[PDB]
Amino acid sequence: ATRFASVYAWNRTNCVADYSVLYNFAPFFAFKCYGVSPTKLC
Amino acid sequence: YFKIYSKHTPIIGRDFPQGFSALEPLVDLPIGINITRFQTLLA
Amino acid sequence: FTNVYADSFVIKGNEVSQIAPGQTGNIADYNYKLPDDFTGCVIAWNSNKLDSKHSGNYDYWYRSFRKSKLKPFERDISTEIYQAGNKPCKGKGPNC
Ligand SMILES: *[C@@H]1O[C@H](CO)[C@@H](O[C@@H]2O[C@H](CO)[C@@H](O)[C@H](O)[C@H]2NC(C)=O)[C@H](O)[C@H]1NC(C)=O
């Protein structure tokens, strides 16, 4: 984001979602997931 | 399960006999290791 | 019985349903896969009074990342770093 938003910015997601791009954007300090960690699979 | 079956065949001195024999179960150790590779142990 | 084994472990309540043949999730997939052809008994009880601590009991560890699923009765206690991204990093890493 150009400027970070507070919790109000709950953005709704008809788009294919690729989660590897998120790892391509930046490394993460922490990453937890109740769902399986690789994910990218409706 | 590391299943070990064996037979001692004290009968054909020179090499593989070509004889028909059968192995008997001995033990089925519950180790649970993937064991992709193995090696021998010599004295 | 003929040859009987008793497997002892601690899980979360929401994971009790995963210790059964055919189940998936972080436990069935990455900690212990139970065979689909399974004969035996799964006995579970609440241990909040024994295992929990006010500050949090961190002695119990759950595997969250692995490169493949486990086979029946397989155990793997390796702590080698797993790469979650595309970079082949070592040690604690940007995508490790
Ligand atoms: C048993 O060992 C083999 C290798 O000795 C494992 O196969 C490897 O699995 C990883 C992913 O977990 C792959 O990235 C490698 O390319 C595989 N190599 C080979 C030669 O197959 C196998 O996964 C192990 N068994 C289990 C249940 O993990």
# chains A, B, ... in the order shown; residues from 1 in each chain; ligands from 1

call {"tool": "residues_near_ligand", "arguments": {"ligand": "ligand 1", "cutoff": "6 Å", "atoms": "only C-alpha atoms and all ligand atoms", "output": "JSON, numbers by chain"}}
result
{"B": [34, 36], "C": [67, 68, 70, 71]}

call {"tool": "interface_residues", "arguments": {"of": "chain C", "to": "chain B", "cutoff": "9 Å", "atoms": "only C-alpha atoms", "output": "ChimeraX atom specification"}}
result
/C:72-76

call {"tool": "write_last_selection", "arguments": {"atoms": "N, CA and C atoms", "output": "mmCIF file, in the first residue's frame"}}
result
data_model
loop_
_atom_site.group_PDB
_atom_site.id
_atom_site.type_symbol
_atom_site.label_atom_id
_atom_site.label_comp_id
_atom_site.auth_asym_id
_atom_site.auth_seq_id
_atom_site.Cartn_x
_atom_site.Cartn_y
_atom_site.Cartn_z
ATOM 1 N N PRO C 72 1.573 -44.386 6.718
ATOM 2 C CA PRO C 72 1.054 -44.921 7.984
ATOM 3 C C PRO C 72 2.153 -45.318 8.962
ATOM 4 N N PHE C 73 1.970 -44.909 10.214
ATOM 5 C CA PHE C 73 2.851 -45.180 11.347
ATOM 6 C C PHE C 73 4.253 -44.591 11.184
ATOM 7 N N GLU C 74 4.479 -43.730 10.194
ATOM 8 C CA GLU C 74 5.782 -43.107 10.025
ATOM 9 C C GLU C 74 5.941 -41.973 11.032
ATOM 10 N N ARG C 75 7.151 -41.840 11.577
ATOM 11 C CA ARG C 75 7.522 -40.760 12.483
ATOM 12 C C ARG C 75 8.773 -40.079 11.959
ATOM 13 N N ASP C 76 8.762 -38.747 11.982
ATOM 14 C CA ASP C 76 9.894 -37.945 11.533
ATOM 15 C C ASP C 76 10.095 -36.799 12.508
#

call {"tool": "closest_atom_pairs", "arguments": {"of": "chain C", "to": "chain A", "cutoff": "8 Å", "atoms": "only C-alpha atoms", "output": "Markdown table"}}
result
| residue | atom | partner | partner_atom | distance |
| --- | --- | --- | --- | --- |
| C:25 | CA | A:36 | CA | 7.1 |
| C:26 | CA | A:36 | CA | 6.7 |
| C:64 | CA | A:37 | CA | 7.2 |
| C:65 | CA | A:37 | CA | 6.8 |
| C:84 | CA | A:38 | CA | 7.4 |
| C:85 | CA | A:23 | CA | 6.0 |
| C:86 | CA | A:24 | CA | 7.8 |
| C:94 | CA | A:27 | CA | 4.7 |
| C:95 | CA | A:27 | CA | 5.5 |

call {"tool": "select_by_dssp", "arguments": {"residues": "chain A", "states": "helix (DSSP H, G or I)", "output": "MDAnalysis selection string"}}
result
chainID A and resid 20:25

call {"tool": "select_by_dssp", "arguments": {"residues": "range 7-36 of chain B", "states": "strand (DSSP E or B)", "output": "list in words"}}
result
residues 24, 25, 26, 27, 28 and 29 of chain B

call {"tool": "atom_distance", "arguments": {"atom1": "CA of residue 3 in chain B", "atom2": "CA of residue 19 in chain B"}}
result
23.9 Å

call {"tool": "residues_around", "arguments": {"residues": "residue 24 in chain C", "least_positions_apart": "6", "cutoff": "12 Å", "atoms": "only C-alpha atoms", "output": "ChimeraX atom specification"}}
result
/A:35-36 /C:15-18,30-36,69-70

call {"tool": "write_last_selection", "arguments": {"atoms": "C-alpha atoms", "output": "compact mmCIF listing (two decimals), in the first residue's frame"}}
result
# COMPACT_ATOMS: atom_id res chain seq x y z
CA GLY A 35 -5.46 -23.91 7.11
CA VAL A 36 -2.64 -25.76 5.39
CA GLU C 15 -7.59 -32.16 16.26
CA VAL C 16 -9.23 -35.17 17.97
CA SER C 17 -11.43 -35.72 14.92
CA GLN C 18 -8.28 -36.06 12.77
CA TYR C 30 2.27 -33.60 8.81
CA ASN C 31 2.44 -35.20 12.28
CA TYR C 32 0.97 -38.70 11.97
CA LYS C 33 -1.06 -40.39 9.23
CA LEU C 34 -3.19 -43.25 10.51
CA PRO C 35 -3.65 -46.12 7.98
CA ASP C 36 -6.90 -46.20 6.05
CA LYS C 69 2.71 -36.27 3.62
CA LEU C 70 3.52 -39.11 6.00

call {"tool": "atom_distance", "arguments": {"atom1": "CA of residue 19 in chain A", "atom2": "CA of residue 1 in chain A"}}
result
17.2 Å

call {"tool": "atom_distance", "arguments": {"atom1": "CA of residue 87 in chain C", "atom2": "CA of residue 18 in chain A"}}
result
17.2 Å
